[PDB]
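One chain is shown next in structure tokens, namely the form deposited in one PDB entry.
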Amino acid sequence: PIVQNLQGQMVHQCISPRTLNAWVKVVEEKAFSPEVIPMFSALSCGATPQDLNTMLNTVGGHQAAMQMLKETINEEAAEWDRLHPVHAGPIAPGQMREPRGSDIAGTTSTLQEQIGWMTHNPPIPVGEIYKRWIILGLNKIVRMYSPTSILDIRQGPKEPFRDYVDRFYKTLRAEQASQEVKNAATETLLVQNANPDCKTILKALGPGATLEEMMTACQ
């Protein structure tokens, strides 16, 4: 990554063994469960595009996903290139060239170029722009590998309300609803899919009810 040192300046640091192993192990344990995304974002704090490729490339399984991710990355890089074309031919000697999509993606740029962009004044945050593309791709994968529709999350006749709400919001998170819809489906789909006993209790609460109130009610 690029870090600030102890005596004030932005420099390249080797990606740590601890980071490398954390990422590989989180993928092995959690696959594309939605919580792996914030974990990825945090393990790649300060990452250069090289570091991002490193983390992605160290994953051994899930090669269908990694291939979908390449595709998403390619589409963002092409849109980057549409937006910010680079003048071709020879660069002014010893000057910074402008990044193309593939440069931001780390496939046509050196570490040194990526460092120069990232620490320039003003900076071109290539590590952050690439990370956004990756996360975009990753979220598509989370969604795709979500094993259950929220329409099938329904409270069992003797399933504790809490356990049902846990299933419901876990599913919703993977299906990747807006926080409008997570804020919203509470007074609607959550009640509808409650079991008959709990449902009567919830209806009787009246609308406006917080989730806490609903969860107390069906305790």
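Numbers for residues come from their place in the sequence shown, where the first is 1. Note that the rigid core is defined as the largest set of C-alphas that superpose within 1.5 Å between two forms. Only residues modelled in both forms are compared.
When the other compared entries with both flanking residues are checked, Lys182 is unmodelled in at least a third. For the cut-off of one third of the other compared entries, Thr108 stays well clear, since all of them model it along with its flanks. Taking only CA atoms, the mean B-factor in the PDB entry is higher for 84-92 than for the other of 98-106 and 84-92. Checked against the record, the higher mean CA B factor of 197-205 and 13-21 lies with 197-205. If you compare the C-alpha temperature factors of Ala185, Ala64, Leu56, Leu43 in the entry, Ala185 comes out highest.
The PDB entry assigns its highest CA temperature factor, among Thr48, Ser33, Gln155, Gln176, to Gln176. Sort the chain's modelled residues by C-alpha temperature factor and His120 lands in the highest third, per the entry.
Annotation for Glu180: C-alpha temperature factor in the highest third relative to the rest of the modelled chain, per the entry.
The same protein also exists as the form deposited in another entry; that form is not shown, yet it is the one meant from here on.
Core-based superposition between the shown form and the other one leaves all of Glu28, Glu35, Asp166, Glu187 but one with CA shifts under 2 Å; the exception is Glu187. Core-superposed comparison between the shown form and the other one: the C-alpha position of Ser178 differs by no less than 2 Å. Segments of at least three consecutive residues in which every Cα is displaced by 2 Å or more between the shown form and the other one, once the core is aligned, occur only at 177-187.
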